[PDB]
Amino acid sequence: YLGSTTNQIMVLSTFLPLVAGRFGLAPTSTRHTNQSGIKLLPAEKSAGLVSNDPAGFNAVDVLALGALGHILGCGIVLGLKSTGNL
Amino acid sequence: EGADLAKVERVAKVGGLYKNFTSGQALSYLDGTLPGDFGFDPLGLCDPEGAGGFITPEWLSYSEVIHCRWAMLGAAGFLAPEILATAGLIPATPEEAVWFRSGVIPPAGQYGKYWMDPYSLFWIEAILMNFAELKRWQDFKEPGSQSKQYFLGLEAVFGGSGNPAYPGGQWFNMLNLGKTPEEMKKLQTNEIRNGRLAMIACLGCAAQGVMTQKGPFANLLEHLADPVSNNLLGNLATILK
Amino acid sequence: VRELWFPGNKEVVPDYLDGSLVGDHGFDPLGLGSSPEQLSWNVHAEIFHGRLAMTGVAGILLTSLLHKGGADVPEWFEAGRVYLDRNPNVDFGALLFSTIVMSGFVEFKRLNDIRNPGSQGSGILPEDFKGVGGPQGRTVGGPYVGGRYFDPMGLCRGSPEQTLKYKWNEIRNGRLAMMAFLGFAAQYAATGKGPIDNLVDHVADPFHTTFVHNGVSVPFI
Amino acid sequence: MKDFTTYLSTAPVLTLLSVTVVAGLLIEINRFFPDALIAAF
Amino acid sequence: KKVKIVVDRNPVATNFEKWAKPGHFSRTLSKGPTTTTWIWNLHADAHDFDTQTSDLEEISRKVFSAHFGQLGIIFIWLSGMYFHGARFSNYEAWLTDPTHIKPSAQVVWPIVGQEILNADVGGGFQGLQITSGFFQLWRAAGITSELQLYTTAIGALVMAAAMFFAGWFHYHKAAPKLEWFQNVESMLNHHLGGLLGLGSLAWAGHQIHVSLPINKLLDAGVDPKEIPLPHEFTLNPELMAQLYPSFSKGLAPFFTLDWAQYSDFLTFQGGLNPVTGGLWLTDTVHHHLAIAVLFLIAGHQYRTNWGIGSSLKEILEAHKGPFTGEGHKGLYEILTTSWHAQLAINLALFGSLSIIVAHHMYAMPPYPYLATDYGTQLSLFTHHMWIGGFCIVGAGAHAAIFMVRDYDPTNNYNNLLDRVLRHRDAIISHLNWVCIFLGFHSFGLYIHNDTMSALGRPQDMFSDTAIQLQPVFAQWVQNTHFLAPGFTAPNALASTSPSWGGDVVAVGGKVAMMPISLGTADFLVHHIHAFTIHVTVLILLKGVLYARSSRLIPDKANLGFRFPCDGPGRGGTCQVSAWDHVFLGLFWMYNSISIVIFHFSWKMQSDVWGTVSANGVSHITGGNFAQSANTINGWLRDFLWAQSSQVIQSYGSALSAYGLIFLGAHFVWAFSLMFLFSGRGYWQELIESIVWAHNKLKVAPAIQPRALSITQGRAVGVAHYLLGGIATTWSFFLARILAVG
Ligand code: CLA
Ligand code: CLA
Ligand code: CLA
Ligand code: CLA
Ligand code: CLA
Ligand code: CLA
Ligand SMILES: CCCCCCCCCCCCCCCC(=O)OC[C@H](COP(=O)(O)OC[C@@H](O)CO)OC(=O)CCCCCCCCCCCCCCC
Ligand SMILES: CC1=C[C@H](O)CC(C)(C)[C@H]1/C=C/C(C)=C/C=C/C(C)=C/C=C/C=C(C)/C=C/C=C(C)/C=C/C1=C(C)C[C@H](O)CC1(C)C
Ligand SMILES: CC1=C(/C=C/C(C)=C/C=C/C(C)=C/C=C/C=C(C)/C=C/C=C(C)/C=C/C2=C(C)CCCC2(C)C)C(C)(C)CCC1
């Protein structure tokens, strides 16, 4: 199963939001959006979450971004399977 | 909020993957006291404010300590009969010497060579555990009792100490180890780390038993034979068969 | 103070179950004798239950020993029908009404002692039926009746510590016999044999003859 | 048990227990003496 | 800030001293019952915690422990149902022959000739025929054993003990603080995912490992005694692979996302299983798994102890538009601090849910052999309809209560509540006009049909054979649903329900579900339903909107939510309170639901339920709905007189209890008319004369006998009215549907 096209889709769809989360490209447990939902607020630390990551990428952020990445990758893989591609 | 800076390097000093999993809420009360305190409480279950019932820091610490001791006993009892049957020292077939086939779950396996059936053993075990755990409970509620009432002379060693998790009388600390408080704290940390490893091991043994229908030592041997094929993902097809 | 029913634990009921009554170990978790009048009534009930269960258990044990010895003595759970078959001239309603009436006479004597501790030691009965008191501090009537008729050997007249020791003997043996009769009923229900039969069956075979092997207690093994 | 017995002496508990015992007595009367149309002595 | 568990250690002592003194909870009930009005007010204000304490924390703790007690009562009820299914039921016999054996789970003691109520249901068993559908539910769960029902009854008794212990513990030992109850973000995050989502996932797991193999063997046809027990189906994937071959590969295709290989037991056909007439259990498994995943996704929307998630207050306050001013400003505070507003919202959506349940469960039965038993089907639909209507009326009541008590104008300035309150006259007038228009164009159509039939002019009445009124939108929606598979539902092998169209589903010689055609009579009765619903909405909304104030009475909020009147002045101000609006809306909900269930029973006895004879379908009444349900005389004669012959000729049989209740409920309904039409002063003066008679014989009670208060009289009247009407309909429906079918 390792190295398959669905494996590549899953690792990319789980790893890309994880990278976008740390570098400020994606919403974060410290970086939220306002009322509009497009622009990202500056990093704020009222949650009291700490990490050894220099950019403050918390384990809660890892869990949340990995969860959303798994959801999106599962949707992508199941969509490509049903169309007859993959 | 941003934690408290000076309260964080206490978690960074113990090294490892800690501090990555601690929070500002946890470090409000987790200030280095009690053994095993590595700041890991993301849910805030030991917050002393508004703490009652069993969600209470001393009760939760007591539960952790006796859970980890019971899991150390359970892990050693999981891995001893199978490693003795594999060596052939005991006259038990290694498929029978598996811990969950020892009569704990009769659907999972039965051992009919005990001197009584498991229900009689459970009856006397219920009586004996009722004795032991109820005296333990009343010593927790009153940390000076259980030595004032006669118990065939056994009440002399039931005085305990200030901590319910650490009685350490003439019986509970018969060899008298940890004479000096820092050695006692170090050995307490030893106990809690070994017991939490054993809690993880007991959960793993249960999951492997459901997963592979074989003993944990057999699973370790099969994994060491071919780690690429014999793993969680490689055994994902044949799980209850 | 005294040895409790649950060592340590100082939530023992307020000072109505203090270390004064015989058999007092602070055991009242349901508060069934919290009020003092109910406490005195329940002391009377406990003493009467202990004495009655002691008599009944002694009779059951002796008739079960005689049954295993080959005597023409039925077991306790079937003695009524055996008596009616051996004695067909006795009407069941006759014997039941006679038992009701004779038991009622002495039970109304005891009842009017409960209402008034000093009212039964006069009239037709002599002064020996006045009673000696004991519970709740009174010195008259109650479950403990002195005199030369209910204490004809006089083992609680003289030496008060002897009286206390014998009272503790009586209350402990009475509670033990109440639990013994409960066990007799449960063993008859779960096995269908007598108490001595169960005892010698378990002594002959310690294993495979416990309560889990009768099919009634554990309802599948 | 003074307060518990006072609760048992309260009007709803007493009326429910009283109608229960009266109904049970009448039911067992009809169980042992059924179809009593008249008071035939 | 920071969601966490906060409790108080030992707030209330556990003893019986307040059991001795009734009325302790409220100060107004102190100093003894001087009158019998005290006795009535003691029960009237038992659950009104706002009048007991002013603290929101104590109110919240009381509500939490009352919820635990209610859960214990429900668990006792479930334990009783499972115990009666175990001991006094013919469930095993019914499992062998579900088509012919009538379900029964209650027997009676032969005492006064009442053993005639033990019916000849079948299976060598005598008992009351039940209409609750527990047998179908247990067969769907895959019981097929007496011992398992008893084990479930014991487990439910244990759960009831746990519920009661939890309530005592959370009122007396560890009572949560006010800010614990106000963590609505955490409560929603746990109810969406941990309650509903995890419950759906767990039921999908049970259905996979228990319901599918046992019901598959039952559908293939096997006596339930030799069916393997649920655990050994769950124990190894071998037998499962024999029944569903995708279990040979285990969980490997799940984690590799090759989920299409699970299509043997995770299916999507639609329609009904032809063996049983219920839904496909694999489809139910797929449904429960999908909604469990959806609900667990929904359980991560709100922000708790970590930065991810959105706050409810932030989402509310940002939904403001030009037409509405400040929008949802203040809704978060009046829902996290007022229990009555949450009760109103939850009761409304709960009653709507119950009504939706009734609809979706007649339209397409989810349990095996539920369609063929018309008795349990009609009973379940009618019961859920009545529960939904009651809960909706209670929603109106508690919205009115919130408007009276917990509505503060300071924090509700120019928001949606304020905007609605500032133009209440427009809304109420317009709903009044809609109600009048619907009443005319629904009831007057029936009256015109009556007049033309009675004048000998059948060509002039509104009917399918004369002046047509066809539900073209509804018929086209049925066509869209019927044509959905293979077009707009490519993965569906059949439509959701046979009601849209297609072939007749017949199970055991009886129709499970067949297409329903809509004509003129259906048009008329749907407009009648709309009219009745609109009038009930009008009364409840008028009470809620004018609870605070009015043109006639500007200070109605001072008089409270529940007061009788404000005197005979201003022409007369009788029943001005919002309570009396609930009192009238109760009657109107009764009328609405009664017409709905009458239409349901007649429509499916005339066009759905019936027997098959390999050349057609013989309905129960014979298609008489299409030519008689447009006339009130048709409803009175062909439905209300023709179907009433089963309940009035039921004496001397097992339905004699239904016959007796049919008259007793008439008695109760007409007994209501005493309280509804009369007034307190007459009864007070008559009671004065009776008190004179008692004084003459020294038998005067110290507790002074008073006539029932005006609100007391209205409540007693409406309670008796609804009880009598609903019980009359219940006895009629059950006797008719158990005597013929
Ligand atoms: C269903 C409603 C409900 C709710 C909302 C609560 C809420 C609460 N309870 Mg409580 N409780 C309940 C029911 C409920 N309880 C019942 C029915 C019982 C009787 C068994 C108890 C007995 C109880 C005790 C003794 C205590 C609480 C306590 C508490 C408080 C902290 C508990 C916590 O979050 O820590 C974490 C909770 C846990 C670690 C328990 C999780 C595991 C348990 C055994 C439940 C597992 C059942 C699970 C859903 C089944 C799934 C299937 C499974 C077999 C695989 C909290 C406010 C504590 C308190 O005093 O307040 C501070 C406390 O000591 N509860
Ligand atoms: C490796 C796990 C481990 C560790 C490091 C500790 C450490 C400690 N325990 Mg603990 N305990 C454990 C497991 C452990 N325990 C288990 C599994 C149980 C359940 C049975 C208990 C139950 C327990 C109780 C009830 C008490 C302690 C106490 C203590 C403290 C007293 C000092 C001491 O004697 O140390 C222990 C030394 C070692 C663990 C190293 C020796 C290891 C050898 C190989 C095992 C010895 C077993 C021996 C062969 C059997 C015969 C013993 C003897 C007659 C020869 C100390 C910090 C007491 C206390 O708190 O004092 C205040 C006390 O009250 N423990
Ligand atoms: C019916 C016999 C009986 C009665 C009337 C009493 C009465 C009394 N006992 Mg006693 N006791 C008994 C039997 C009895 N006991 C037995 C058999 C034992 C040995 C297990 C004991 C051991 C005992 C101890 C150690 C102590 C007492 C004490 C007391 C006193 C205070 C407790 C109280 O007020 O509760 C009132 C009791 C009752 C109202 C009777 C309870 C009956 C319940 C309602 C029925 C359920 C219990 C039953 C076993 C369940 C199975 C029944 C069925 C399913 C088979 C009181 C005067 C305390 C004391 O201070 O001594 C003076 C104390 O220390 N008892
Ligand atoms: C995954 C966590 C979880 C779960 C499963 C539940 C489940 C439930 N909650 Mg709860 N709640 C939770 C978290 C949770 N809650 C949290 C975090 C909070 C704080 C914000 C609350 C605050 C809260 C309030 C204020 C109330 C509830 C209520 C309820 C019950 C809804 C009514 C009903 O009849 O449902 C269906 C019935 C059932 C499903 C029967 C199963 C019951 C078992 C025992 C559920 C066990 C779950 C429990 C949380 C485990 C921990 C307790 C443990 C110590 C035993 C329901 C059982 C209401 C209620 O009825 O009070 C009791 C209510 O008043 N909850
Ligand atoms: C989740 C459901 C729910 C809850 C929690 C509440 C809670 C509350 N309601 Mg409410 N209500 C509800 C649903 C609910 N209601 C529904 C569905 C309706 C429509 C019928 C109403 C209509 C309503 C009104 C009109 C009023 C309340 C009031 C109240 C408050 C005081 C209740 C009280 O103590 O009076 C006493 C409760 C009783 C005396 C219980 C008996 C009620 C009848 C007689 C029982 C019906 C008989 C039953 C079917 C058995 C028949 C068989 C028989 C032959 C034996 C309280 C906070 C009152 C209030 O002032 O609000 C502040 C108020 O007057 N409610
Ligand atoms: C079916 C309808 C109905 C019924 C039964 C009654 C009955 C009664 N009316 Mg009435 N009335 C009605 C309609 C009705 N009315 C209407 C529509 C109006 C116009 C508003 C009036 C106006 C009216 C007036 C002005 C007066 C009466 C009076 C009376 C009482 C006359 C005394 C009597 O005959 O004793 C017969 C008793 C009964 C019929 C009650 C039935 C017996 C019960 C059911 C037995 C209890 C069993 C059980 C415990 C029930 C509770 C169940 C529950 C606990 C679950 C009587 C109770 C007069 C009065 O008060 O008398 C002094 C009075 O002055 N009525
Ligand atoms: C089960 C579902 C989720 C459970 C969540 C709830 C449980 C909470 C437990 C969270 C951790 C607590 C704190 C940990 C903090 C922590 O980790 O402590 C650090 C730990 C040991 O630390 P010590 O206590 O020894 O610290 C002392 C030293 O640091 C002195 O400097 O080192 C490790 O990292 C061991 C773990 C390695 C694990 C190796 C397993 C590799 C398998 C990888 C599997 C994933 C990929 C599979 C692909 C096939
Ligand atoms: C920390 C924290 C904090 C935050 O905040 C939150 C959270 C996340 C929640 C957390 C976490 C937690 C956790 C992880 C838990 C887990 C635990 C465990 C696993 C336990 C076990 C535990 C375990 C245990 C005791 C066990 C024990 C065992 C035993 C006895 C055994 C026994 C036996 C043996 C010998 C063998 C034979 O043949 C049989 C038997 C008889 C069977
Ligand atoms: C660069 C760097 C690094 C790296 C790191 C990493 C790479 C990490 C990671 C990690 C990971 C890689 C993670 C993952 C994740 C994910 C998760 C944790 C999730 C989840 C969950 C969920 C939510 C699911 C769901 C579901 C189910 C349940 C089934 C069906 C399907 C679905 C999807 C629905 C280090 C530090 C070494 C060094 C330095 C720097």
# chains A, B, ... in the order shown; residues from 1 in each chain; ligands from 1
$ residues_near_ligand --ligand "ligand 6" --cutoff "8 Å" --atoms "only C-alpha atoms and all ligand atoms" --output "list in words"
residues 666, 667, 668, 669, 670, 671, 672, 673, 674, 675, 676, 677, 678, 682, 683 and 686 of chain E
$ residues_near_ligand --ligand "ligand 1" --cutoff "10 Å" --atoms "only C-alpha atoms and all ligand atoms" --output "CSV table (one decimal) with N, CA, C and O atoms, in the first residue's frame"
chain,number,residue,atom,x,y,z
B,43,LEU,N,-6.4,19.2,30.2
B,43,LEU,CA,-7.8,19.3,30.5
B,43,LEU,C,-8.1,20.0,31.8
B,43,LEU,O,-9.3,20.3,32.0
B,44,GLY,N,-7.1,20.2,32.6
B,44,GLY,CA,-7.3,20.9,33.9
B,44,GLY,C,-8.2,20.1,34.9
B,44,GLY,O,-9.0,20.7,35.6
B,45,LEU,N,-7.9,18.8,35.0
B,45,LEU,CA,-8.7,18.0,35.9
B,45,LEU,C,-8.3,18.2,37.3
B,45,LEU,O,-9.1,18.0,38.2
B,50,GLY,N,-12.9,24.9,42.8
B,50,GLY,CA,-14.1,24.2,42.4
B,50,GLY,C,-13.9,22.7,42.3
B,50,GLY,O,-14.7,22.0,41.6
B,51,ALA,N,-13.0,22.1,43.0
B,51,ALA,CA,-12.7,20.7,43.0
B,51,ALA,C,-13.4,20.0,44.1
B,51,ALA,O,-13.2,20.3,45.3
B,52,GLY,N,-14.3,19.0,43.8
B,52,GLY,CA,-15.0,18.2,44.7
B,52,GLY,C,-15.2,16.8,44.2
B,52,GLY,O,-14.9,16.5,43.0
B,53,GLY,N,-15.8,16.0,45.0
B,53,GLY,CA,-16.1,14.6,44.6
B,53,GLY,C,-14.8,13.9,44.3
B,53,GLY,O,-13.8,13.9,45.1
B,54,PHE,N,-14.7,13.1,43.2
B,54,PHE,CA,-13.5,12.4,42.8
B,54,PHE,C,-12.6,13.2,41.8
B,54,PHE,O,-11.5,12.8,41.5
B,55,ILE,N,-13.1,14.4,41.3
B,55,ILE,CA,-12.3,15.3,40.5
B,55,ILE,C,-11.6,16.2,41.5
B,55,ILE,O,-12.0,17.4,41.6
B,56,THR,N,-10.6,15.7,42.2
B,56,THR,CA,-10.0,16.4,43.3
B,56,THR,C,-8.5,16.0,43.2
B,56,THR,O,-8.2,14.9,43.0
B,59,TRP,N,-7.2,13.1,45.5
B,59,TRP,CA,-7.9,11.9,45.1
B,59,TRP,C,-7.4,11.4,43.8
B,59,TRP,O,-7.1,10.2,43.6
E,4,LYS,N,-14.0,24.6,32.6
E,4,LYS,CA,-13.4,23.6,33.6
E,4,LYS,C,-14.6,23.2,34.5
E,4,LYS,O,-15.7,23.8,34.5
E,5,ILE,N,-14.3,22.1,35.3
E,5,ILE,CA,-15.3,21.6,36.2
E,5,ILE,C,-15.2,22.4,37.5
E,5,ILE,O,-14.1,22.3,38.2
E,6,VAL,N,-16.3,23.0,37.9
E,6,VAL,CA,-16.4,23.7,39.2
E,6,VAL,C,-17.6,23.2,39.9
E,6,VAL,O,-18.7,23.2,39.3
E,7,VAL,N,-17.5,22.8,41.2
E,7,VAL,CA,-18.6,22.3,42.0
E,7,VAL,C,-18.4,22.8,43.4
E,7,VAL,O,-17.4,23.4,43.7
E,8,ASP,N,-19.5,22.6,44.2
E,8,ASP,CA,-19.5,22.9,45.6
E,8,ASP,C,-19.6,21.7,46.4
E,8,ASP,O,-20.5,20.8,46.1
E,9,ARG,N,-18.7,21.5,47.4
E,9,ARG,CA,-18.7,20.3,48.2
E,9,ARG,C,-19.8,20.4,49.3
E,9,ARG,O,-19.7,21.3,50.2
E,64,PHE,N,-30.8,20.4,37.0
E,64,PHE,CA,-29.9,19.3,36.7
E,64,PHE,C,-30.3,18.0,37.4
E,64,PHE,O,-30.5,16.9,36.8
E,65,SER,N,-30.6,18.2,38.7
E,65,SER,CA,-31.1,17.0,39.5
E,65,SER,C,-32.5,16.5,39.1
E,65,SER,O,-32.7,15.3,39.1
E,67,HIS,N,-33.5,16.7,36.0
E,67,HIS,CA,-33.2,15.9,34.8
E,67,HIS,C,-32.8,14.5,35.1
E,67,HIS,O,-33.2,13.5,34.4
E,68,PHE,N,-31.9,14.4,36.1
E,68,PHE,CA,-31.4,13.1,36.5
E,68,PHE,C,-32.6,12.2,37.0
E,68,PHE,O,-32.7,11.0,36.7
E,71,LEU,N,-34.6,11.1,34.1
E,71,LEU,CA,-33.9,10.0,33.4
E,71,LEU,C,-34.1,8.7,34.2
E,71,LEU,O,-34.2,7.6,33.6
E,72,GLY,N,-34.0,8.7,35.5
E,72,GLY,CA,-34.3,7.5,36.3
E,72,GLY,C,-35.7,7.0,36.1
E,72,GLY,O,-35.9,5.8,36.0
E,158,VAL,N,-30.5,-1.0,36.8
E,158,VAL,CA,-29.2,-0.5,37.3
E,158,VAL,C,-29.0,0.9,36.8
E,158,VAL,O,-28.5,1.8,37.6
E,159,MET,N,-29.3,1.2,35.6
E,159,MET,CA,-29.1,2.6,35.1
E,159,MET,C,-30.1,3.6,35.7
E,159,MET,O,-29.7,4.7,35.9
E,160,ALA,N,-31.3,3.1,36.1
E,160,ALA,CA,-32.2,4.0,36.9
E,160,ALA,C,-31.6,4.3,38.2
E,160,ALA,O,-31.7,5.5,38.7
E,161,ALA,N,-31.1,3.3,38.9
E,161,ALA,CA,-30.4,3.5,40.2
E,161,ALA,C,-29.2,4.5,40.0
E,161,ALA,O,-29.0,5.3,40.9
E,162,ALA,N,-28.5,4.3,38.9
E,162,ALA,CA,-27.4,5.2,38.7
E,162,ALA,C,-27.9,6.7,38.4
E,162,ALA,O,-27.2,7.6,38.9
E,163,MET,N,-29.0,6.8,37.7
E,163,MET,CA,-29.5,8.2,37.5
E,163,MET,C,-29.9,8.8,38.8
E,163,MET,O,-29.7,10.0,39.0
E,164,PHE,N,-30.6,8.1,39.6
E,164,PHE,CA,-31.1,8.6,40.9
E,164,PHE,C,-29.9,9.0,41.8
E,164,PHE,O,-29.9,10.0,42.5
E,165,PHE,N,-28.9,8.1,41.8
E,165,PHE,CA,-27.7,8.4,42.6
E,165,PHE,C,-27.0,9.6,42.1
E,165,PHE,O,-26.5,10.4,42.8
E,166,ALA,N,-26.9,9.8,40.7
E,166,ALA,CA,-26.3,11.0,40.2
E,166,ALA,C,-27.1,12.3,40.5
E,166,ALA,O,-26.4,13.3,40.8
E,167,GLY,N,-28.4,12.2,40.5
E,167,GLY,CA,-29.2,13.4,40.9
E,167,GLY,C,-28.9,13.7,42.4
E,167,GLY,O,-28.7,14.9,42.7
E,168,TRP,N,-29.0,12.7,43.3
E,168,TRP,CA,-28.7,13.0,44.7
E,168,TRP,C,-27.3,13.5,44.9
E,168,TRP,O,-27.0,14.4,45.7
E,169,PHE,N,-26.3,13.0,44.1
E,169,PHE,CA,-24.9,13.3,44.3
E,169,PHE,C,-24.7,14.8,43.8
E,169,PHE,O,-23.9,15.5,44.4
E,170,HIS,N,-25.3,15.2,42.7
E,170,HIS,CA,-25.1,16.5,42.1
E,170,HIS,C,-26.1,17.5,42.7
E,170,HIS,O,-26.0,18.7,42.3
E,173,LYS,N,-23.9,16.5,47.2
E,173,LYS,CA,-22.5,16.2,47.4
E,173,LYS,C,-21.6,17.2,46.6
E,173,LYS,O,-20.8,17.9,47.1
E,174,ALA,N,-21.7,17.1,45.2
E,174,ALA,CA,-20.9,17.9,44.3
E,174,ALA,C,-21.9,18.6,43.4
E,174,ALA,O,-22.2,18.1,42.3
E,175,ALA,N,-22.4,19.8,43.8
E,175,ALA,CA,-23.4,20.5,42.9
E,175,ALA,C,-22.6,21.5,42.1
E,175,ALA,O,-21.8,22.3,42.6
E,176,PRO,N,-22.8,21.4,40.8
E,176,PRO,CA,-22.0,22.3,39.9
E,176,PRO,C,-22.4,23.8,40.1
E,176,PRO,O,-23.5,24.1,40.4
E,177,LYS,N,-21.4,24.7,39.8
E,177,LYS,CA,-21.6,26.1,40.0
E,177,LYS,C,-22.3,26.6,38.7
E,177,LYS,O,-22.6,25.9,37.8
E,180,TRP,N,-20.4,26.6,35.4
E,180,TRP,CA,-20.4,25.3,34.8
E,180,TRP,C,-21.6,25.1,33.8
E,180,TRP,O,-21.4,24.5,32.7
E,181,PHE,N,-22.8,25.5,34.2
E,181,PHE,CA,-23.9,25.4,33.4
E,181,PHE,C,-23.9,26.3,32.2
E,181,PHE,O,-24.6,26.0,31.1
E,187,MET,N,-20.9,22.4,26.1
E,187,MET,CA,-22.1,21.5,26.1
E,187,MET,C,-22.5,21.2,24.7
E,187,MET,O,-22.9,20.0,24.4
E,190,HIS,N,-20.0,18.6,23.2
E,190,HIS,CA,-20.1,17.3,23.7
E,190,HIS,C,-21.5,16.6,23.4
E,190,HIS,O,-21.5,15.4,23.3
E,191,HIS,N,-22.5,17.4,23.2
E,191,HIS,CA,-23.8,16.8,22.8
E,191,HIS,C,-23.8,16.5,21.3
E,191,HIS,O,-24.4,15.5,20.9
E,194,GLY,N,-20.1,13.8,21.4
E,194,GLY,CA,-20.0,12.7,22.4
E,194,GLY,C,-21.3,12.0,22.7
E,194,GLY,O,-21.4,10.9,23.2
E,195,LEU,N,-22.4,12.7,22.6
E,195,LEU,CA,-23.8,12.2,22.8
E,195,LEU,C,-24.3,11.6,21.5
E,195,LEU,O,-24.4,10.4,21.3
E,198,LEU,N,-21.4,9.9,19.0
E,198,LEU,CA,-20.9,8.6,19.6
E,198,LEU,C,-22.0,7.6,19.7
E,198,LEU,O,-21.8,6.4,19.5
E,199,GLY,N,-23.2,8.1,20.1
E,199,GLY,CA,-24.4,7.2,20.1
E,199,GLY,C,-24.7,6.6,18.8
E,199,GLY,O,-25.0,5.4,18.7
E,202,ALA,N,-22.0,4.1,17.9
E,202,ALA,CA,-22.1,2.8,18.7
E,202,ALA,C,-23.3,2.0,18.2
E,202,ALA,O,-23.2,0.8,18.2
$ select_by_dssp --residues "segment 269-506 of chain E" --states "helix (DSSP H, G or I)" --output "MDAnalysis selection string"
chainID E and resid 281:298 312:317 339:363 374:404 416:421 424:454 472:482
$ interface_residues --of "chain B" --to "chain E" --cutoff "12 Å" --atoms "only C-alpha atoms" --output "VMD selection string"
chain B and resid 1 23 to 26 42 to 56 107 to 108 210 to 213 232 to 241
$ closest_residue --among "B:33, B:86, B:170, B:110" --to "ligand 8" --atoms "only C-alpha atoms and all ligand atoms"
B:110
$ closest_atom_pairs --of "chain E" --to "chain A" --cutoff "10 Å" --atoms "only C-alpha atoms" --output "Markdown table"
| residue | atom | partner | partner_atom | distance |
| --- | --- | --- | --- | --- |
| E:1 | CA | A:47 | CA | 9.6 |
| E:2 | CA | A:47 | CA | 8.3 |
| E:256 | CA | A:1 | CA | 7.7 |
| E:257 | CA | A:74 | CA | 7.3 |
| E:258 | CA | A:78 | CA | 8.3 |
| E:259 | CA | A:78 | CA | 8.3 |
| E:260 | CA | A:81 | CA | 8.8 |
| E:297 | CA | A:71 | CA | 9.1 |
| E:300 | CA | A:64 | CA | 9.4 |
| E:303 | CA | A:29 | CA | 9.9 |
| E:304 | CA | A:47 | CA | 9.6 |
| E:305 | CA | A:47 | CA | 6.9 |
| E:306 | CA | A:47 | CA | 5.6 |
| E:307 | CA | A:29 | CA | 4.0 |
| E:308 | CA | A:29 | CA | 4.9 |
| E:309 | CA | A:29 | CA | 8.5 |
| E:310 | CA | A:32 | CA | 9.3 |
| E:314 | CA | A:35 | CA | 7.9 |
| E:315 | CA | A:35 | CA | 8.1 |
| E:317 | CA | A:35 | CA | 9.6 |
| E:318 | CA | A:35 | CA | 6.7 |
| E:319 | CA | A:35 | CA | 9.6 |
$ write_last_selection --atoms "C-alpha atoms" --output "tab-separated table (two decimals), in the first residue's frame"
chain	number	residue	atom	x	y	z
E	1	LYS	CA	-12.97	32.03	30.48
E	2	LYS	CA	-11.34	28.58	30.59
E	256	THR	CA	-6.62	2.33	3.24
E	257	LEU	CA	-9.80	4.20	2.15
E	258	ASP	CA	-10.91	1.41	-0.20
E	259	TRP	CA	-14.32	1.70	1.44
E	260	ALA	CA	-16.18	0.51	-1.68
E	297	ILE	CA	-17.50	16.82	12.71
E	300	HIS	CA	-15.69	20.67	16.85
E	303	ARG	CA	-14.32	27.14	21.07
E	304	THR	CA	-13.58	25.77	24.53
E	305	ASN	CA	-10.17	25.60	26.23
E	306	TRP	CA	-8.17	26.05	23.01
E	307	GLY	CA	-7.98	28.79	20.42
E	308	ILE	CA	-9.61	26.82	17.61
E	309	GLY	CA	-13.37	27.10	17.26
E	310	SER	CA	-15.89	29.92	16.97
E	314	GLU	CA	-19.38	36.20	18.07
E	315	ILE	CA	-21.42	34.36	15.42
E	317	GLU	CA	-23.55	39.44	17.14
E	318	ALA	CA	-22.13	39.58	13.60
E	319	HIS	CA	-25.40	38.52	11.93
